[PDB]
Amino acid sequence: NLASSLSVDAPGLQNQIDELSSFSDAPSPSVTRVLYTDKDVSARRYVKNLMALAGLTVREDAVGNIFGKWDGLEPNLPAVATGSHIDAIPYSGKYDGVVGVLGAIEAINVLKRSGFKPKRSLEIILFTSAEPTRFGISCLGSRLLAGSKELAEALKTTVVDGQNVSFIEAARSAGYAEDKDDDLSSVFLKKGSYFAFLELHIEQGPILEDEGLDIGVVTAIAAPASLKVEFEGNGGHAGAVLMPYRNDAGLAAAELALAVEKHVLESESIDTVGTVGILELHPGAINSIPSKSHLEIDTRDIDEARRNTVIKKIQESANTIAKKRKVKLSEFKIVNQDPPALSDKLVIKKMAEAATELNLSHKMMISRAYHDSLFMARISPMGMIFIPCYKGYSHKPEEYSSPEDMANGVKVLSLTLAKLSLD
């Protein structure tokens, strides 16, 4: 049958993972690849080349989401879509996102080798960026595909990066967004434009590895939020300003970072997380008291209400700390605060069937990380396929999934796509 005929070039897929990892602003084994930079452009070209070699119709939208389509026997039907991202936060791994892009292309080649004849078209999506590194916005591409007018407006009017480069300027430097009449609404997909959307991704947790299982069938995605906070004080000479007269913005930040941890632990649930990944002091000189501090705070929970309580407590603590330290809470911005999503029940059903037909062990599980799937779920039925990764490591160079782990995920992806195409 189709399932027994599926054959993946495992070392070849690994070789492509390794080649793509060379497009990096960090030295191997780390990867840094930020939206619209030269490294991102190089990686885009590499992926577009592979799409063309696999015989896909390749196109790009106004923000650089990249699409590769295999036309089905009934091309007017809503297509079955799959994809992920290739951007990489500073000093991260080679597998996050990339497995779902390179592995999707491989899934197409696997199906072509087996002589599969799609009814619904299959389309691979390289999302323009999923990481919030550059503009503080996560899933920038899929948020726009899912129709966020709020985001489109901000991208056109206010959004800049940490070097004060505007989104429009960055996009144009990489060959995109060159239309002054476009408010980016051109990117929006109609609900139902896809029959379904699947994303293959490394687990970013240790569960499949620990339990000796091949495949995770993802049933839900946890609810993510991010906050941007700034404190302002008088600053001045570290040696000359006596302690009673200070309002140290650095210490306000230190206190807020510890309060974040505290409020997370207050939830009484293991599923709650919160992190201060960014804490910067200005002017940032050893002999100058910080007059401004800037924190970027990530917090999530599978339970939206519990997550929201943490955010509310964090805001209360920021105000309490500001008053006690006699600094100004000059910014408290909820950059995003998104609900969790549920995978479509019939997509889950086909994925579990596919894994079973391939003699692969599997379990139902939730994603703790967020993914483009979170926002694609607003447009169409969604599912995710997890593969194991070593010790669950991710967002760091120790991140690892074996050639066989990837090949298994690719086979499940190929077979689920085929089932959905013929449905």
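Position 1 is the first residue in the sequence shown; the rest follow in order.
### Query
Where do the C-alpha atoms have the higher mean temperature factor in this entry, in 226-234 or in 156-164?
Looking at the record's C-alpha B-factors, the answer is 156-164.
### Message
Quick check: 401-409 versus 6-14, which has the larger average CA B-factor in the record?
### Response
Mean C-alpha B-factor is greater for 6-14.
### Query
Which one of 207, 297, 334, 107 shows the biggest C-alpha B-factor in the PDB entry?
Highest C-alpha B-factor among the listed options: 334.
### Query
Which one of 127, 95, 188, 197 shows the top CA temperature factor in the record?
188 has the highest C-alpha B-factor of those listed.
### Query
Which third of the chain does residue 417 land in by C-alpha B-factor: lowest, middle or highest?
Its C-alpha B-factor, which the entry lists for residue 417, ranks in the lowest third among residues of this chain.
### Ranked against its chain, the third holding the CA B-factor of residue 371
Its C-alpha B-factor, which the entry lists for residue 371, ranks in the lowest third among residues of this chain.
### Task
Just say lowest, middle or highest third for the CA B-factor of residue 391 relative to the other modelled residues in its chain.
Its C-alpha B-factor belongs to the middle third of this chain's values.
#### Entry: residue 267 CA temperature factor, ranked by third within the chain
Highest third - that is where residue 267 ends up once the chain's C-alpha B-factors are sorted.
### Message
Per the entry's values, where does residue 56 land by CA temperature factor relative to the rest of its chain, in the lowest, middle or highest third?
### Response
According to the entry, residue 56 has a C-alpha B-factor in the chain's middle third.
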